[PDB]
Chemist: 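I have a structure I would like to understand better, so I am pasting it below and will then ask my questions one at a time.
Chain naming here is simple, since letters A, B, ... match the order of the sequence lines and numbering starts at 1 in each. Ligands are counted one by one from 1 in listed order, and the atoms in each one are counted from 1 as well.
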Number of protein chains: 2
Amino acid sequence: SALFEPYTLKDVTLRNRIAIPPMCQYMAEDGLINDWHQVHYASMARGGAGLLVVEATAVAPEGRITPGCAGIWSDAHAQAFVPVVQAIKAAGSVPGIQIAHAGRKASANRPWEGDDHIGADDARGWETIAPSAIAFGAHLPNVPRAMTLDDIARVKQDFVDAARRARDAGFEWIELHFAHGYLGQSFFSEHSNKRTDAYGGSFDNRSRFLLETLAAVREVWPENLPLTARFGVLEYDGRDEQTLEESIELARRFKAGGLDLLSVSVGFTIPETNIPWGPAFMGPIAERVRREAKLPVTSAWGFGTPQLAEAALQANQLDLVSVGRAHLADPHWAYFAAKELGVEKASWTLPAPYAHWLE
Amino acid sequence: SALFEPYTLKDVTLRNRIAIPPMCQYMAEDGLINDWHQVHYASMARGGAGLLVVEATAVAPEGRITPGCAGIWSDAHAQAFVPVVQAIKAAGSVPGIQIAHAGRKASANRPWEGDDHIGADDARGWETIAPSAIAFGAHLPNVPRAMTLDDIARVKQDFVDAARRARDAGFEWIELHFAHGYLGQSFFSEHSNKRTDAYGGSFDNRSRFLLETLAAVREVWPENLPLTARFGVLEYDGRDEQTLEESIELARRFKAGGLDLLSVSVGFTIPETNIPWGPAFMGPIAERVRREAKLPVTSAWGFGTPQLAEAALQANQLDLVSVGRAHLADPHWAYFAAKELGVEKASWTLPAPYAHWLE
Ligand SMILES: Cc1cc2c(cc1C)N(C[C@H](O)[C@H](O)[C@H](O)COP(=O)(O)O)c1[nH]c(=O)[nH]c(=O)c1N2
Ligand SMILES: Cc1cc2c(cc1C)N(C[C@H](O)[C@H](O)[C@H](O)COP(=O)(O)O)c1[nH]c(=O)[nH]c(=O)c1N2
Ligand SMILES: CC(=O)[C@H]1CCCN(Cc2ccccc2)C1
Ligand SMILES: CC(=O)[C@H]1CCCN(Cc2ccccc2)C1
């Protein structure tokens, strides 16, 4: 099975090609994770996935999506992750983290508590920041404050500090969240970036915040540990071929800047889109990015069937398959996939106190 | 769905009829549980099951099956259980524990490390005790020491101390392990009990250890929490109708002694048997115990299919269905069952950070 071959990138070796992508739990308090996250992550790691990327973890308080998001904007915040790192490692999986800044999609309610921007009169909310003072719209109508040059430098330094802390906490894999309509994605997109200084206009200027943040993080993040990013390479906004061509050139520039792997996604920059959801629908996009930018990739959004994961790998569309929601449903999904694909001694994808009895 | 109806017994209410039976993990050290159990039990509780009975926990060191078995023979051992208890409650499941003494099956290797009696040169081993100096045979050849009256008195008091400690740790449900060929089962069976004193020979004498232990425990276990036991009601040894008739009479005596519920199983007292393993094969035996002893019952051994569990409840064979190995395979099995049986808003068998996304 391709899905259960190991993967080596820099000095990290993953025991198979199953990655758990970052999935916000909205269960933190003032950025501090807790018992909820400890069991959630340790249980999934024991399930057998080779790589577990911890949810979007805010580099700054205002960079949270919700009052429940994890943060890493202080050393105390970082120290809370150590037991998660240790549990993921004890289960044989590799611990990663996604560091993030929600940009104009910040100050929102939890998804099951309205999923919408927090109102002005609710004290739990805060002012958001973005490249330009333009709202997403729809359920997120709040207009962000356009970032100053000092703002741009401060946030780049929060990403550096976040990466410094993740390193020191023991993570072996980092992912910069430049996707899904949050701060980084909104600098790259013409939809959201109307700046007239060095950080807007041309392709080079729209690229600048992302490339400078990459470069700054690269300085503190070990060369022997994978440096990755997630990026939305198209929006399904009717501008797909031009957007894709530009996104692939920026990925060429990420590679020149030392990126080891790109997690390929959708922009979600604006609500006025027509995304063709379906099983493995990102496969061909991911493949194009991989081939044209000459960079390993993962992706998500449907691949959560064992035959779809296996297929993508064999067609060299992906190097890792990210499987999210199926792990929410079953934290032992990797074991289910091993059984489905006829892996030998499939029950031993799980630790012994389980594997002995299931074989 | 019958499976997702609540159940009330004494002051305890279970949110559904899915019970997780005791399943040994063999991961403790000197009886002390650790991070393995914390995650294991908390994850399964979050999966939705109404009741989670913690694995066989030894009332005394020599009462462990293996060097990896959990213990409750001291107050520090009992304090280790408190985070487990609190984690199970936090997920909305009810915490139970099974207290146990392995009798002549003690001093054995972990199942995946030979599963056989420890050899006398191995420094890990200990002397075992039983009603009579007779070995199980097969892979468990060690001949146990015959207990004296002073031994019987001591072991009874250890069950009492264990129950007292379980109460204080916050368990809300206790199960006396009188099944599967361990100490209690071996007092009842004529195969293993050749005593000529008050604890051997007649039905009354063979029953005595079990009844006195129950009575002793009933004195310290709160009247308002379920007091239960697991008992092997037949052996498949060619003596089934007489053995089952006797077992049912003892169930009546358990009820007269305050037992609230009986977990109906097989004896496993000797290796020379022909157990007819199959899906739901205990259903009819369980039903007979329930009807004839007029006592609530659970059972296990192939109910781990949503339709099989539902059927047994609808036929009134059982009050709770114990689903073990299916929970090792998928700690969210109760969610899988609620989906299969078409339960309304099945994803909310799980907590919000999962249920929201899976509906
Ligand atoms: C609960 C939850 C939470 C989030 C997400 C999704 C879900 C379900 N996803 C997107 C996720 O990583 C993945 O791309 C999608 O879930 C699609 O993959 P599946 O179809 O679920 O296998 C995600 N994306 C990301 O980059 N960072 C994150 O923190 C989150 N958080
Ligand atoms: C790993 C493991 C460990 C144990 C068990 C089984 C397994 C698989 N079982 C028996 C268990 O409670 C249950 O009766 C069987 O697993 C049958 O139910 P299932 O078919 O698995 O649903 C069990 N029985 C018991 O009374 N005390 C226990 O501690 C144990 N330990
Ligand atoms: C922060 C992260 O990128 C997440 C947060 C919540 C929704 N994600 C996007 C999403 C859309 C549809 C289904 C699942 C996930 C983005
Ligand atoms: C102590 C407890 O009752 C357990 C320990 C391990 C095996 N159990 C018995 C068992 C036999 C075959 C399959 C599953 C379980 C008994």
Chemist: For atom 31 (N) of ligand 1, grab the closest protein heavy atom and report residue, atom and distance to one decimal in Å.
Modeler: A:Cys24 N, 3.1 Å
Chemist: Please tell me if atom 8 (N) of ligand 3 is touched by the protein, where touching means a protein heavy-atom distance below 4.0 Å.
Modeler: no
Chemist: Please say whether A:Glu55 places an N or O atom under 3.5 Å from an N or O atom belonging to ligand 1.
Modeler: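 Such a contact does not occur with ligand 1.
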Chemist: Taking distance alone, with N or O pairs closer than 3.5 Å, would you say A:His177 contacts ligand 1?
Modeler: yes
Chemist: Going by heavy atoms, is B:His177 under 4.0 Å from ligand 4?
Modeler: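 The answer is yes, since B:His177 has a heavy atom less than 4.0 Å from ligand 4.
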Chemist: Who's the nearest protein heavy-atom neighbour of atom 18 (O) of ligand 1, and how far?
Modeler: A:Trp301 N, 3.1 Å
Chemist: Using the ring of each side chain (for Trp, its six-membered ring), is B:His332 parallel, tilted or perpendicular to B:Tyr354, with breaks at 30° and 60°?
Modeler: tilted
Chemist: What orientation do B:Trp357 and A:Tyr26 show, parallel under 30°, tilted 30 to 60°, or perpendicular over 60°?
Modeler: parallel
Chemist: Is the closest side-chain heavy-atom distance between B:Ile275 and B:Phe281 below 4.5 Å?
Modeler: yes
Chemist: Would you call the rings of B:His180 and B:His177 parallel, tilted or perpendicular, where under 30° means parallel and over 60° means perpendicular?
Modeler: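 Geometry flag for B:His177 against B:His180: perpendicular rings.
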Chemist: Run the numbers for me: atoms of ligand 3, each under 4.0 Å from some heavy atom of A:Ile65, listed by number.
Modeler: 1 (C)
Chemist: In terms of residue, atom name and distance, what is the protein heavy atom nearest to atom 22 (O) of ligand 1?
Modeler: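 Sorting protein heavy atoms by distance from atom 22 (O) of ligand 1 puts A:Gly324 N, 2.9 Å first.
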Chemist: One residue to check: B:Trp357. Relative to ligand 1, which of side chain, backbone, both or neither has a non-hydrogen atom less than 4.0 Å away?
Modeler: side chain
Chemist: For ligand 3, find out whether one of its N or O atoms is nearer than 3.5 Å to an N or O atom of B:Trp357.
Modeler: no
Chemist: Who's the nearest protein heavy-atom neighbour of atom 16 (C) of ligand 3, and how far?
Modeler: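 Of the protein heavy atoms, A:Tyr182 OH, 3.7 Å lies nearest.
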Chemist: Is the closest side-chain donor-acceptor distance between A:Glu55 and A:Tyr41 under 3.5 Å?
Modeler: yes
Chemist: Is A:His180 close to ligand 3, meaning an N/O of one under 3.5 Å from an N/O of the other?
Modeler: yes
Chemist: Rounded to the nearest 0.5 Å, how far apart are CE of B:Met23 and CG of B:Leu52?
Modeler: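 Result: 8.0 Å between the selected atoms.
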Chemist: Is A:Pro21 in polar range of ligand 1, meaning some N or O pair under 3.5 Å apart?
Modeler: no
Chemist: Answer yes or no: is there a donor N or O on one side and an acceptor on the other, between the side chain of A:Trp126 and the main chain of A:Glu62, under 3.5 Å?
Modeler: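 A pair under 3.5 Å: yes.
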Chemist: Do any nitrogen or oxygen atoms of A:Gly304 come within less than 3.5 Å of a nitrogen or oxygen of ligand 1?
Modeler: no
Chemist: So, does A:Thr57 use its side chain to make a donor-acceptor pair with the main chain of A:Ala70 at under 3.5 Å?
Modeler: no
Chemist: Looking only at distances, can you tell me whether any N or O atom of A:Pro22, backbone or side chain, sits closer than 3.5 Å to an N or O atom of ligand 1?
Modeler: yes
Chemist: Look at atom 6 (C) of ligand 3 and say which protein heavy atom is nearest, naming residue and atom and giving the distance to 0.1 Å.
Modeler: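 It is A:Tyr26 OH, 3.2 Å.
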Chemist: Any luck finding a side-chain donor-acceptor pair between A:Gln317 and A:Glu287 under 3.5 Å?
Modeler: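 No pair is found: no donor N or O on one side chain lies under 3.5 Å from an acceptor on the other.
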Chemist: Of the protein's non-hydrogen atoms, which lies at the shortest distance from atom 8 (C) of ligand 1, and what is that distance?
Modeler: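 Here the nearest protein heavy atom works out to A:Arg325 CG, 3.5 Å.
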Chemist: Evaluate A:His101 against A:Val155 for side chain to side chain contact (heavy atoms under 4.5 Å, CB included), listing each step before the verdict.
Modeler: CA-CA 9 Å; A:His101 195 293; A:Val155 171; 4.3 Å; yes
Chemist: As a check for students: among A:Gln98, A:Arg230, A:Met23, A:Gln25, identify the option with a heavy atom nearest to atom 24 (N) of ligand 1.
Modeler: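 Answer by nearest heavy atom: A:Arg230.
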Chemist: When you compare ligand 1 with A:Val323, is there at least one nitrogen or oxygen pair between them that comes in under 3.5 angstrom?
Modeler: no
Chemist: Side chain, backbone, both or neither: which applies to A:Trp301 and ligand 3 if a contact is any heavy-atom pair less than 4.0 Å apart?
Modeler: side chain
Chemist: Using modelled atom types only, decide if a donor and an acceptor are shared between the side chain of A:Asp260 and the backbone of A:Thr228 within a distance under 3.5 Å.
Modeler: no
Chemist: Just by distance, no angles: are the side chains of A:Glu235 and A:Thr269 close enough, under 3.5 Å, to form a donor-acceptor pair?
Modeler: yes
Chemist: Answer yes or no: does an N/O atom from A:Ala300 fall short of 3.5 Å to an N/O atom of ligand 1?
Modeler: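 No - when backbone and side-chain N and O of A:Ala300 are compared with those of ligand 1, no distance drops under 3.5 Å.
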Chemist: Hydrogens and angles aside, do B:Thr298 and B:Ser322 bring a side-chain donor and acceptor to less than 3.5 Å of each other?
Modeler: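 Side chains of B:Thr298 and B:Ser322: pair found under 3.5 Å.
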Chemist: Considering only heavy atoms of A:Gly302, which atoms of ligand 1 have at least one such atom less than 4.0 Å away?
Modeler: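 What qualifies from ligand 1 is 20 (O).
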Chemist: Please report whether atom 3 (O) of ligand 4 has a protein non-hydrogen atom at a separation of less than 4.0 Å.
Modeler: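 Under 4.0 Å from atom 3 (O) of ligand 4, at least one protein heavy atom found.
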Chemist: Heavy-atom distance under 4.5 Å between the side chains of A:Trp333 and A:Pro306, does that happen here?
Modeler: yes
Chemist: Suppose we measure from atom 29 (O) of ligand 1 to each protein heavy atom; which comes out shortest, and what is that distance?
Modeler: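 Protein heavy atom with the smallest distance to atom 29 (O) of ligand 1: A:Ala56 N, 3.1 Å.
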Chemist: Does a side-chain heavy-atom distance below 4.5 Å link A:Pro67 with A:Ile118?
Modeler: yes
Chemist: Side chain or backbone of B:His356 under 4.0 Å from ligand 1, or both, or neither, by non-hydrogen atoms?
Modeler: neither
Chemist: Which class fits the ring pair A:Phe254 and A:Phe231: parallel under 30°, tilted 30 to 60°, perpendicular over 60°?
Modeler: perpendicular
Chemist: Just to check, does A:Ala326 reach to within less than 4.0 Å of ligand 1 when the distance is taken from its heavy atoms?
Modeler: no
Chemist: Just which atoms of ligand 1 are under 4.0 Å from any heavy atom in A:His180?
Modeler: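 Selected atoms, number and element: 24 (N), 25 (C), 26 (O).
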